[PDB]
Amino acid sequence: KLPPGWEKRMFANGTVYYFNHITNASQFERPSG
Ligand SMILES: *[C@@H]1O[C@H](CO)[C@H](O)[C@H](O)[C@H]1O
């Protein structure tokens, strides 16, 4: 589905984004590394 450590996450206002649990990185666009 997603690259190593990445998973979907969401803000309290209902806005969805991508988050890396291993590196603490974040993106509004679907990740590739
Ligand atoms: C939802 O809140 C986040 C920050 O919590 C961000 O500003 C988004 O743009 C907003 O839609």
# chains A, B, ... in the order shown; residues from 1 in each chain; ligands from 1
call {"tool": "residues_near_ligand", "arguments": {"ligand": "ligand 1", "cutoff": "12 Å", "atoms": "only C-alpha atoms and all ligand atoms", "output": "PDB file with C-alpha atoms, in the first residue's frame"}}
result
ATOM      1  CA  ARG A   9      -3.697   9.938   9.514  1.00  0.00           C
ATOM      2  CA  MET A  10      -6.311  12.709  10.099  1.00  0.00           C
ATOM      3  CA  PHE A  11      -6.721  16.123  11.814  1.00  0.00           C
ATOM      4  CA  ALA A  12      -9.459  17.066  14.375  1.00  0.00           C
ATOM      5  CA  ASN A  13     -11.233  19.126  11.598  1.00  0.00           C
ATOM      6  CA  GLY A  14     -11.614  15.929   9.409  1.00  0.00           C
ATOM      7  CA  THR A  15      -8.610  16.581   7.036  1.00  0.00           C
ATOM      8  CA  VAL A  16      -6.702  13.419   5.907  1.00  0.00           C
ATOM      9  CA  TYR A  17      -2.905  13.243   5.344  1.00  0.00           C
ATOM     10  CA  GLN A  27       2.768  14.780   3.810  1.00  0.00           C
ATOM     11  CA  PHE A  28      -0.515  16.080   2.309  1.00  0.00           C
TER      12      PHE A  28
END
call {"tool": "residues_around", "arguments": {"residues": "residue 30 in chain A", "least_positions_apart": "3", "cutoff": "12 Å", "atoms": "only C-alpha atoms", "output": "ChimeraX atom specification"}}
result
/A:1-3,6-9,16-20,26-27,33
call {"tool": "select_by_dssp", "arguments": {"residues": "chain A", "states": "strand (DSSP E)", "output": "list in words"}}
result
residues 6, 7, 8, 9, 10, 16, 17, 18, 19, 20, 26 and 27 of chain A
call {"tool": "write_last_selection", "arguments": {"atoms": "N, CA and C atoms", "output": "CSV table (one decimal), in the first residue's frame"}}
result
chain,number,residue,atom,x,y,z
A,6,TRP,N,5.1,4.5,6.5
A,6,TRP,CA,4.0,5.4,6.2
A,6,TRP,C,2.6,4.8,6.5
A,7,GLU,N,1.7,5.5,7.0
A,7,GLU,CA,0.3,5.2,7.1
A,7,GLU,C,-0.6,6.4,7.1
A,8,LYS,N,-1.9,6.3,6.7
A,8,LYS,CA,-2.9,7.4,6.7
A,8,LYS,C,-3.2,7.9,8.1
A,9,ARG,N,-3.4,9.2,8.3
A,9,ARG,CA,-3.7,9.9,9.5
A,9,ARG,C,-4.7,11.1,9.2
A,10,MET,N,-5.2,11.7,10.3
A,10,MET,CA,-6.3,12.7,10.1
A,10,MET,C,-6.4,13.7,11.3
A,16,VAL,N,-7.5,14.6,6.0
A,16,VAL,CA,-6.7,13.4,5.9
A,16,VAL,C,-5.3,13.8,5.3
A,17,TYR,N,-4.3,13.1,5.8
A,17,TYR,CA,-2.9,13.2,5.3
A,17,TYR,C,-2.2,11.9,5.6
A,18,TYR,N,-0.9,11.9,5.2
A,18,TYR,CA,0.0,10.7,5.4
A,18,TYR,C,1.1,11.0,6.4
A,19,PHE,N,1.4,10.0,7.2
A,19,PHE,CA,2.3,10.1,8.4
A,19,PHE,C,3.3,8.9,8.5
A,20,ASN,N,4.6,9.2,8.7
A,20,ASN,CA,5.6,8.1,8.9
A,20,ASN,C,5.8,7.9,10.4
A,26,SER,N,5.7,13.8,7.6
A,26,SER,CA,4.3,14.0,7.3
A,26,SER,C,4.2,14.6,5.9
A,27,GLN,N,3.1,14.3,5.1
A,27,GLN,CA,2.8,14.8,3.8
A,27,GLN,C,1.3,14.9,3.5
call {"tool": "decode", "arguments": {"residues": "chain A", "atoms": "C-alpha atoms", "output": "mmCIF file, in the first residue's frame"}}
result
data_model
loop_
_atom_site.group_PDB
_atom_site.id
_atom_site.type_symbol
_atom_site.label_atom_id
_atom_site.label_comp_id
_atom_site.auth_asym_id
_atom_site.auth_seq_id
_atom_site.Cartn_x
_atom_site.Cartn_y
_atom_site.Cartn_z
ATOM 1 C CA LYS A 1 0.000 0.000 0.000
ATOM 2 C CA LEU A 2 2.377 2.762 1.339
ATOM 3 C CA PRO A 3 6.263 2.949 1.636
ATOM 4 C CA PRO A 4 8.199 1.811 4.810
ATOM 5 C CA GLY A 5 6.756 3.363 8.029
ATOM 6 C CA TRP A 6 4.010 5.394 6.202
ATOM 7 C CA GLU A 7 0.275 5.188 7.141
ATOM 8 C CA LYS A 8 -2.869 7.409 6.730
ATOM 9 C CA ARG A 9 -3.697 9.938 9.514
ATOM 10 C CA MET A 10 -6.311 12.709 10.099
ATOM 11 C CA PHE A 11 -6.721 16.123 11.814
ATOM 12 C CA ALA A 12 -9.459 17.066 14.375
ATOM 13 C CA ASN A 13 -11.233 19.126 11.598
ATOM 14 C CA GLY A 14 -11.614 15.929 9.409
ATOM 15 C CA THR A 15 -8.610 16.581 7.036
ATOM 16 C CA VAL A 16 -6.702 13.419 5.907
ATOM 17 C CA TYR A 17 -2.905 13.243 5.344
ATOM 18 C CA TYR A 18 0.010 10.710 5.357
ATOM 19 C CA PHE A 19 2.326 10.118 8.368
ATOM 20 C CA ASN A 20 5.554 8.108 8.929
ATOM 21 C CA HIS A 21 5.573 6.395 12.380
ATOM 22 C CA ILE A 22 9.328 5.455 12.117
ATOM 23 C CA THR A 23 10.684 8.907 11.025
ATOM 24 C CA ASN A 24 7.940 11.353 12.218
ATOM 25 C CA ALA A 25 7.724 12.741 8.610
ATOM 26 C CA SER A 26 4.319 13.998 7.263
ATOM 27 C CA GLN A 27 2.768 14.780 3.810
ATOM 28 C CA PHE A 28 -0.515 16.080 2.309
ATOM 29 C CA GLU A 29 0.284 14.082 -0.906
ATOM 30 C CA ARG A 30 0.665 10.249 -1.217
ATOM 31 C CA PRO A 31 4.337 9.291 -0.328
ATOM 32 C CA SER A 32 6.912 7.292 -2.399
ATOM 33 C CA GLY A 33 9.900 6.986 0.074
#
